[PDB]
>>> print(open('coords_25.cif').read())   # mmCIF, C-alpha atoms
data_entry
loop_
_atom_site.label_atom_id
_atom_site.label_comp_id
_atom_site.auth_asym_id
_atom_site.auth_seq_id
_atom_site.Cartn_x
_atom_site.Cartn_y
_atom_site.Cartn_z
CA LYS A 1115 1.45 55.67 -20.28
CA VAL A 1116 1.13 54.69 -16.53
CA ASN A 1117 -2.60 53.88 -16.97
CA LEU A 1118 -1.88 51.74 -20.09
CA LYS A 1119 0.96 49.99 -18.18
CA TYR A 1120 -1.30 49.46 -15.09
CA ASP A 1121 -4.07 48.05 -17.38
CA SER A 1122 -1.47 45.77 -19.09
CA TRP A 1123 0.08 44.70 -15.72
CA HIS A 1124 -3.44 44.13 -14.24
CA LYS A 1125 -4.74 42.20 -17.31
CA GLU A 1126 -1.48 40.08 -17.10
CA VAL A 1127 -1.86 39.34 -13.31
CA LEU A 1128 -5.64 38.70 -13.79
CA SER A 1129 -4.87 36.38 -16.78
CA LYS A 1130 -2.17 34.48 -14.78
CA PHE A 1131 -4.42 34.19 -11.67
CA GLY A 1132 -7.24 33.03 -14.01
CA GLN A 1133 -4.97 30.38 -15.64
CA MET A 1134 -3.65 29.19 -12.20
CA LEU A 1135 -7.18 29.10 -10.70
CA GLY A 1136 -8.56 27.26 -13.81
CA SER A 1137 -5.64 24.74 -13.77
CA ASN A 1138 -6.06 24.07 -9.99
CA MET A 1139 -9.88 23.82 -10.48
CA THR A 1140 -9.47 21.32 -13.41
CA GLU A 1141 -6.90 19.18 -11.49
CA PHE A 1142 -9.08 19.24 -8.32
CA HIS A 1143 -12.21 18.25 -10.34
CA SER A 1144 -10.24 15.34 -11.92
CA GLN A 1145 -9.07 14.29 -8.39
CA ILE A 1146 -12.67 14.36 -6.95
CA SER A 1147 -14.12 12.64 -10.07
CA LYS A 1148 -11.48 9.85 -9.88
CA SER A 1149 -12.04 9.45 -6.07
CA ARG A 1150 -15.83 9.29 -6.74
CA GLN A 1151 -15.46 6.64 -9.54
CA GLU A 1152 -13.21 4.51 -7.25
CA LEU A 1153 -15.84 4.85 -4.42
CA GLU A 1154 -18.63 3.83 -6.91
CA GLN A 1155 -16.73 0.68 -8.17
CA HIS A 1156 -16.21 -0.83 -4.68
CA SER A 1157 -19.27 -2.46 -3.00
CA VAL A 1158 -19.50 -3.10 0.81
CA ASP A 1159 -20.90 -6.60 -0.04
CA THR A 1160 -17.46 -7.66 -1.44
CA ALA A 1161 -17.10 -11.49 -1.53
CA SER A 1162 -13.51 -11.45 -0.13
CA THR A 1163 -12.31 -10.13 3.28
CA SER A 1164 -9.23 -8.73 1.38
CA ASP A 1165 -11.40 -6.52 -0.93
CA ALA A 1166 -13.41 -5.32 2.13
CA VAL A 1167 -10.10 -4.41 3.97
CA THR A 1168 -8.74 -2.53 0.90
CA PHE A 1169 -12.05 -0.65 0.44
CA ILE A 1170 -12.31 0.33 4.17
CA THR A 1171 -8.64 1.58 4.18
CA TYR A 1172 -9.39 3.64 1.00
CA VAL A 1173 -12.64 5.18 2.44
CA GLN A 1174 -10.80 6.18 5.68
CA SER A 1175 -7.99 7.80 3.59
CA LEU A 1176 -10.65 9.86 1.68
CA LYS A 1177 -12.45 10.78 4.98
CA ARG A 1178 -9.16 12.42 6.19
CA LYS A 1179 -9.01 14.45 2.86
CA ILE A 1180 -12.68 15.73 2.95
CA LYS A 1181 -11.75 18.69 5.28
CA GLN A 1182 -8.93 19.77 2.86
CA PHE A 1183 -11.21 19.44 -0.23
CA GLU A 1184 -13.92 21.60 1.47
CA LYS A 1185 -11.35 24.45 2.04
CA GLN A 1186 -10.17 24.16 -1.61
CA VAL A 1187 -13.81 24.37 -2.95
CA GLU A 1188 -14.32 27.60 -0.89
CA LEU A 1189 -11.00 29.08 -2.20
CA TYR A 1190 -12.02 28.30 -5.85
CA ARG A 1191 -15.55 29.74 -5.28
CA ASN A 1192 -14.03 33.04 -3.96
CA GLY A 1193 -11.46 33.06 -6.82
CA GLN A 1194 -14.04 32.67 -9.64
CA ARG A 1195 -16.29 35.36 -8.04
CA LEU A 1196 -13.21 37.69 -8.05
CA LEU A 1197 -12.55 36.94 -11.80
CA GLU A 1198 -16.27 37.64 -12.58
CA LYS A 1199 -16.21 40.95 -10.57
CA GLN A 1200 -13.08 42.01 -12.57
CA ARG A 1201 -14.69 41.11 -15.99
CA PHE A 1202 -12.10 38.36 -16.74
CA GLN A 1203 -12.71 36.51 -20.02
CA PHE A 1204 -13.50 32.87 -19.11
CA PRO A 1205 -12.29 30.41 -21.81
CA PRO A 1206 -15.04 28.13 -23.35
CA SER A 1207 -13.26 25.14 -21.65
CA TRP A 1208 -13.48 26.81 -18.17
CA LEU A 1209 -14.61 24.39 -15.47
CA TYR A 1210 -17.26 26.26 -13.44
CA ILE A 1211 -17.30 25.82 -9.61
CA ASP A 1212 -20.88 24.38 -9.97
CA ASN A 1213 -19.37 21.28 -11.74
CA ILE A 1214 -16.78 20.85 -8.90
CA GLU A 1215 -19.55 21.36 -6.26
CA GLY A 1216 -21.70 18.77 -8.10
CA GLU A 1217 -18.85 16.16 -8.25
CA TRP A 1218 -17.87 17.06 -4.63
CA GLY A 1219 -21.52 16.58 -3.57
CA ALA A 1220 -21.75 13.22 -5.45
CA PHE A 1221 -18.40 12.12 -3.92
CA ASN A 1222 -19.59 13.11 -0.39
CA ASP A 1223 -22.92 11.22 -0.88
CA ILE A 1224 -21.10 8.03 -2.04
CA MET A 1225 -18.45 8.49 0.70
CA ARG A 1226 -21.22 8.92 3.37
CA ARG A 1227 -23.06 5.77 2.10
CA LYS A 1228 -19.80 3.68 2.02
CA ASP A 1229 -18.47 5.15 5.35
CA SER A 1230 -21.88 4.38 7.00
CA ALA A 1231 -21.79 0.79 5.61
CA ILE A 1232 -18.17 0.37 6.93
CA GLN A 1233 -19.27 1.86 10.34
CA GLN A 1234 -22.24 -0.63 10.52
CA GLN A 1235 -19.80 -3.55 9.90
CA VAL A 1236 -16.83 -2.08 11.95
CA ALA A 1237 -17.24 -4.64 14.78
CA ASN A 1238 -17.54 -7.58 12.28
CA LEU A 1239 -14.53 -6.30 10.21
CA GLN A 1240 -12.51 -5.81 13.45
CA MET A 1241 -13.38 -9.41 14.53
CA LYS A 1242 -12.47 -10.77 11.01
CA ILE A 1243 -9.07 -8.90 11.11
CA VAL A 1244 -8.40 -10.14 14.72
CA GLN A 1245 -9.32 -13.72 13.58
CA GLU A 1246 -7.04 -13.44 10.47
CA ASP A 1247 -4.25 -12.01 12.73
CA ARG A 1248 -4.70 -14.97 15.16
CA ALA A 1249 -4.61 -17.34 12.10
CA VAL A 1250 -1.36 -15.59 10.88
CA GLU A 1251 0.04 -15.90 14.49
CA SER A 1252 -0.95 -19.63 14.64
CA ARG A 1253 0.68 -20.16 11.18
CA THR A 1254 3.75 -18.23 12.50
CA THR A 1255 4.04 -20.55 15.57
CA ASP A 1256 3.48 -23.71 13.42
CA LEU A 1257 6.10 -22.58 10.82
CA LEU A 1258 8.66 -21.81 13.60
CA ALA A 1259 7.94 -25.24 15.25
CA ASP A 1260 8.39 -26.94 11.81
CA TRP A 1261 11.48 -24.74 11.23
CA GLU A 1262 13.43 -26.81 13.82
CA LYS A 1263 12.36 -30.20 12.34
CA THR A 1264 13.38 -29.49 8.69
CA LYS A 1265 16.35 -27.09 9.29
CA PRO A 1266 19.98 -28.41 8.72
CA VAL A 1267 20.36 -29.61 12.36
CA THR A 1268 19.29 -32.96 10.77
CA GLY A 1269 22.50 -34.89 9.91
CA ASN A 1270 23.87 -36.22 6.54
CA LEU A 1271 22.58 -33.33 4.35
CA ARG A 1272 24.13 -32.59 0.91
CA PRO A 1273 24.99 -28.99 -0.25
CA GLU A 1274 22.24 -28.94 -2.74
CA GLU A 1275 19.61 -30.82 -0.62
CA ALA A 1276 19.10 -28.46 2.33
CA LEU A 1277 19.54 -25.39 0.05
CA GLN A 1278 16.36 -26.42 -1.85
CA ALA A 1279 14.48 -26.92 1.48
CA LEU A 1280 15.86 -23.55 2.78
CA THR A 1281 14.62 -21.89 -0.45
CA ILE A 1282 11.10 -23.12 0.43
CA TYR A 1283 11.60 -21.94 4.07
CA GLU A 1284 12.65 -18.54 2.64
CA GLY A 1285 9.39 -18.34 0.64
CA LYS A 1286 7.22 -19.43 3.61
CA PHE A 1287 8.82 -16.83 5.96
CA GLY A 1288 8.50 -14.01 3.38
CA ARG A 1289 4.85 -14.91 2.63
CA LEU A 1290 4.24 -14.84 6.43
CA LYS A 1291 5.78 -11.32 6.62
CA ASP A 1292 3.56 -10.08 3.70
CA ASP A 1293 0.40 -11.50 5.42
CA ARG A 1294 1.41 -9.78 8.74
CA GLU A 1295 2.00 -6.38 6.96
CA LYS A 1296 -1.48 -6.68 5.31
CA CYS A 1297 -3.10 -7.34 8.74
CA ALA A 1298 -1.17 -4.34 10.24
CA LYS A 1299 -2.41 -1.93 7.46
CA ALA A 1300 -5.99 -3.23 8.01
CA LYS A 1301 -5.71 -2.77 11.83
CA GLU A 1302 -4.45 0.85 11.33
CA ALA A 1303 -7.34 1.45 8.84
CA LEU A 1304 -9.99 0.19 11.37
CA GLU A 1305 -8.46 2.06 14.39
CA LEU A 1306 -7.54 -1.34 15.93
CA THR A 1307 -4.43 0.31 17.40
CA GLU A 1308 -2.96 -2.41 19.61
CA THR A 1309 0.50 -1.65 21.26
CA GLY A 1310 3.45 -1.07 18.85
CA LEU A 1311 5.45 -3.77 20.66
CA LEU A 1312 6.79 -6.32 18.17
CA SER A 1313 4.81 -9.46 19.26
CA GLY A 1314 7.41 -12.19 20.49
CA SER A 1315 6.64 -13.53 16.95
CA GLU A 1316 8.67 -10.53 15.47
CA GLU A 1317 11.77 -11.53 17.51
CA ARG A 1318 11.33 -15.12 16.18
CA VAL A 1319 11.00 -13.78 12.57
CA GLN A 1320 14.21 -11.72 13.06
CA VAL A 1321 16.12 -14.83 14.31
CA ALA A 1322 14.64 -16.90 11.42
CA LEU A 1323 15.60 -14.11 8.89
CA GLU A 1324 19.28 -14.37 10.00
CA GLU A 1325 19.16 -18.14 9.20
CA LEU A 1326 16.73 -17.94 6.21
CA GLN A 1327 18.09 -17.47 2.64
CA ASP A 1328 21.39 -16.92 4.54
CA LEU A 1329 21.31 -20.64 5.64
CA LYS A 1330 21.48 -21.52 1.90
CA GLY A 1331 24.96 -19.89 2.24
CA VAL A 1332 26.23 -22.94 4.23
CA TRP A 1333 25.67 -24.48 0.80
CA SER A 1334 27.83 -21.65 -0.63
CA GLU A 1335 31.28 -22.37 0.88
CA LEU A 1336 30.48 -26.15 0.90
CA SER A 1337 29.13 -25.80 -2.71
CA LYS A 1338 32.68 -24.80 -3.93
CA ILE A 1339 34.09 -27.94 -2.17
CA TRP A 1340 31.30 -30.16 -3.65
CA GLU A 1341 31.90 -28.80 -7.21
CA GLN A 1342 35.52 -30.03 -6.82
CA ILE A 1343 34.32 -33.41 -5.36
CA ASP A 1344 31.87 -33.79 -8.33
CA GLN A 1345 34.64 -32.92 -10.88
CA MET A 1346 36.77 -35.63 -9.20
CA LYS A 1347 33.79 -38.04 -9.54
CA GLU A 1348 34.30 -37.27 -13.30
CA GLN A 1349 38.14 -36.85 -13.48
CA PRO A 1350 40.18 -39.84 -14.81
CA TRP A 1351 42.09 -41.57 -11.93
CA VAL A 1352 45.38 -41.42 -13.94
CA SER A 1353 44.93 -37.63 -14.50
CA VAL A 1354 44.34 -36.95 -10.75
CA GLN A 1355 47.52 -35.96 -8.83
CA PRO A 1356 47.50 -36.62 -5.01
#
>>> encode(input="coords_25.cif", output="structure tokens")
Amino acid sequence: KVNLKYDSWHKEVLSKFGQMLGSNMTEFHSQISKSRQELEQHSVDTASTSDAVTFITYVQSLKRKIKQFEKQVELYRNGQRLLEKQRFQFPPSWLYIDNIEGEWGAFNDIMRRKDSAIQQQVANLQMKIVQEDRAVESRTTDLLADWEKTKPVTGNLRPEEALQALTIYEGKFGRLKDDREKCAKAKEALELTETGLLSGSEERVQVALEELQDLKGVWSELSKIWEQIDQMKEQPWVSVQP
């Protein structure tokens, strides 16, 4: 009875370890195959600086994962050899470690070719990102200088009027923030780690944010007064009571 129970308990633990190892092996092979297909689709000779930045950030993210993937391949290799030594029955749909090693080898060869091409252009990509960042900083200074000219400090504005201009200002400032965040992700991806001090541009963006879409709010309390003025520009004089 004990031997039957041990054989049943062993066969059950061996079957569960085999299903867990096969599931982890299938998921890991899908993850390497997808990472390899994404590496194949992107060319270093991308026409746009934006595609080159996205591709370089992706290759660096994969380079960090290679050391983890290598440990997983070794764990799966030892696991399958244990199932074979214990006469486990492999299902016909079993993904053999040789397929994972082949996809892992193909992924490493594409990753080495793409990483080498990024490393050859690192200085040019770093100069392009520093030039784009200087262009974003110049656009930031120009937008803040224009901010004063077209903000409501100008006299005789109407609730609606400035609100429309402060809706454009809101779009320009938010587009500027999105461009700055893209440059920051690219700088992190190319190891262009320059001091985490908000550039004096960040303090200007924070002041502008307080008076951005919020400045349309001066056309919120005044808007309620104007709606009454407009109704009076439509109300019959006899009906109006002083």
>>> resolve_selection(input="coords_25.cif", expression="the PyMOL selection byres ((chain A and resi 1281) around 12)", output="list in words")
residues 1264, 1265, 1274, 1275, 1276, 1277, 1278, 1279, 1280, 1282, 1283, 1284, 1285, 1286, 1287, 1288, 1325, 1326, 1327, 1328, 1329, 1330, 1331 and 1333 of chain A
>>> atom_distance(input="coords_25.cif", atom1="atom CA of residue A:1317", atom2="atom CA of residue A:1297")
17.8 Å
>>> atom_distance(input="coords_25.cif", atom1="atom CA of residue A:1207", atom2="atom CA of residue A:1180")
26.3 Å
>>> closest_atom_pairs(input="coords_25.cif", of="stretch 1186-1224 of chain A", to="stretch 1133-1137 of chain A", cutoff="12 Å", atoms="all atoms listed in the file", output="tab-separated table")
residue	atom	partner	partner_atom	distance
A:1186	CA	A:1135	CA	10.8
A:1187	CA	A:1135	CA	11.2
A:1189	CA	A:1135	CA	9.3
A:1190	CA	A:1135	CA	6.9
A:1191	CA	A:1135	CA	10.0
A:1192	CA	A:1135	CA	10.4
A:1193	CA	A:1135	CA	7.0
A:1194	CA	A:1135	CA	7.8
A:1195	CA	A:1135	CA	11.4
A:1196	CA	A:1135	CA	10.8
A:1197	CA	A:1135	CA	9.6
A:1202	CA	A:1133	CA	10.8
A:1203	CA	A:1133	CA	10.8
A:1204	CA	A:1136	CA	9.2
A:1205	CA	A:1136	CA	9.4
A:1206	CA	A:1136	CA	11.6
A:1207	CA	A:1136	CA	9.4
A:1208	CA	A:1136	CA	6.6
A:1209	CA	A:1136	CA	6.9
A:1210	CA	A:1136	CA	8.8
A:1211	CA	A:1136	CA	9.8
A:1214	CA	A:1136	CA	11.5
>>> residues_around(input="coords_25.cif", residues="residue A:1290", least_positions_apart="3", cutoff="8 Å", atoms="all atoms listed in the file", output="number ranges by chain")
A: 1250, 1253-1254, 1286-1287, 1293-1294
>>> atom_distance(input="coords_25.cif", atom1="atom CA of residue A:1298", atom2="atom CA of residue A:1237")
16.7 Å
>>> residues_around(input="coords_25.cif", residues="residue A:1169", least_positions_apart="6", cutoff="10 Å", atoms="only C-alpha atoms", output="MDAnalysis selection string")
chainID A and resid 1152:1153 1155:1158 1160 1163 1175 1228:1229 1232 1303
>>> closest_residue(input="coords_25.cif", among="A:1218, A:1167, A:1238, A:1248", to="residue A:1144", atoms="all atoms listed in the file")
A:1218
>>> residues_around(input="coords_25.cif", residues="stretch 1304-1306 of chain A", least_positions_apart="3", cutoff="7 Å", atoms="only C-alpha atoms", output="list in words")
residues 1240, 1300 and 1301 of chain A
>>> closest_residue(input="coords_25.cif", among="A:1271, A:1170, A:1258, A:1321", to="residue A:1336", atoms="all atoms listed in the file")
A:1271
>>> closest_residue(input="coords_25.cif", among="A:1174, A:1222, A:1139, A:1151", to="residue A:1188", atoms="all atoms listed in the file")
A:1139
>>> decode(input="coords_25.cif", residues="stretch 1145-1169 of chain A", atoms="N, CA, C and O atoms", output="compact mmCIF listing (two decimals), in the first residue's frame")
# COMPACT_ATOMS: atom_id res chain seq x y z
N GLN A 1145 7.85 34.65 -24.87
CA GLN A 1145 8.47 35.95 -24.49
C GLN A 1145 9.75 36.22 -25.31
O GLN A 1145 9.89 37.34 -25.81
N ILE A 1146 10.63 35.22 -25.45
CA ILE A 1146 11.87 35.38 -26.27
C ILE A 1146 11.48 35.57 -27.74
O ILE A 1146 12.01 36.49 -28.36
N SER A 1147 10.55 34.76 -28.25
CA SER A 1147 10.16 34.83 -29.69
C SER A 1147 9.57 36.21 -30.00
O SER A 1147 9.96 36.80 -31.01
N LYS A 1148 8.71 36.73 -29.11
CA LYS A 1148 8.14 38.08 -29.30
C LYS A 1148 9.24 39.14 -29.25
O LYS A 1148 9.27 40.01 -30.14
N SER A 1149 10.16 39.04 -28.27
CA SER A 1149 11.27 40.02 -28.13
C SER A 1149 12.16 39.95 -29.38
O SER A 1149 12.69 41.00 -29.79
N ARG A 1150 12.38 38.75 -29.92
CA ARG A 1150 13.17 38.57 -31.16
C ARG A 1150 12.46 39.20 -32.37
O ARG A 1150 13.13 39.91 -33.12
N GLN A 1151 11.15 38.98 -32.52
CA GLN A 1151 10.38 39.55 -33.66
C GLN A 1151 10.39 41.08 -33.59
O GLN A 1151 10.57 41.72 -34.63
N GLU A 1152 10.23 41.64 -32.38
CA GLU A 1152 10.29 43.12 -32.20
C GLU A 1152 11.69 43.63 -32.56
O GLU A 1152 11.79 44.64 -33.28
N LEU A 1153 12.75 42.92 -32.15
CA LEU A 1153 14.14 43.30 -32.53
C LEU A 1153 14.35 43.19 -34.05
O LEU A 1153 15.15 43.97 -34.58
N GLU A 1154 13.77 42.19 -34.70
CA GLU A 1154 13.89 42.04 -36.18
C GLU A 1154 13.19 43.18 -36.93
O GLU A 1154 13.80 43.69 -37.89
N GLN A 1155 12.00 43.60 -36.49
CA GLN A 1155 11.19 44.65 -37.18
C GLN A 1155 11.90 46.01 -37.19
O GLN A 1155 11.75 46.75 -38.18
N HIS A 1156 12.60 46.35 -36.11
CA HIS A 1156 13.21 47.70 -36.02
C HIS A 1156 14.59 47.73 -36.68
O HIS A 1156 15.47 46.94 -36.29
N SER A 1157 14.80 48.66 -37.62
CA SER A 1157 16.14 48.81 -38.26
C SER A 1157 16.88 50.00 -37.63
O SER A 1157 16.20 50.98 -37.27
N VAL A 1158 18.20 49.92 -37.51
CA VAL A 1158 19.03 51.05 -37.00
C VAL A 1158 18.93 52.24 -37.97
O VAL A 1158 18.96 53.40 -37.49
N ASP A 1159 18.74 51.97 -39.27
CA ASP A 1159 18.68 53.05 -40.29
C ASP A 1159 17.25 53.65 -40.34
O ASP A 1159 16.75 53.96 -41.45
N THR A 1160 16.63 53.84 -39.17
CA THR A 1160 15.25 54.39 -39.14
C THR A 1160 15.28 55.85 -39.60
O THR A 1160 16.16 56.61 -39.13
N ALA A 1161 14.32 56.24 -40.45
CA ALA A 1161 14.29 57.60 -41.03
C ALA A 1161 14.10 58.69 -39.96
O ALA A 1161 14.62 59.81 -40.17
N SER A 1162 13.35 58.39 -38.89
CA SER A 1162 13.04 59.42 -37.87
C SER A 1162 13.88 59.25 -36.59
O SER A 1162 14.12 58.11 -36.15
N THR A 1163 14.30 60.38 -36.00
CA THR A 1163 15.06 60.35 -34.72
C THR A 1163 14.18 59.70 -33.64
O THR A 1163 14.74 59.04 -32.76
N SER A 1164 12.86 59.91 -33.69
CA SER A 1164 11.91 59.32 -32.70
C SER A 1164 11.91 57.78 -32.74
O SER A 1164 11.89 57.15 -31.66
N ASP A 1165 11.91 57.19 -33.93
CA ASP A 1165 11.96 55.71 -34.07
C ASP A 1165 13.30 55.19 -33.54
O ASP A 1165 13.31 54.17 -32.83
N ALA A 1166 14.39 55.90 -33.86
CA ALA A 1166 15.74 55.51 -33.38
C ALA A 1166 15.77 55.55 -31.84
O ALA A 1166 16.27 54.59 -31.23
N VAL A 1167 15.20 56.59 -31.23
CA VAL A 1167 15.15 56.73 -29.73
C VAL A 1167 14.35 55.57 -29.13
O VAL A 1167 14.83 54.95 -28.15
N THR A 1168 13.19 55.26 -29.71
CA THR A 1168 12.30 54.19 -29.18
C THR A 1168 13.02 52.85 -29.28
O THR A 1168 13.00 52.06 -28.30
N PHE A 1169 13.68 52.61 -30.42
CA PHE A 1169 14.41 51.34 -30.65
C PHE A 1169 15.58 51.20 -29.67
O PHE A 1169 15.73 50.13 -29.06
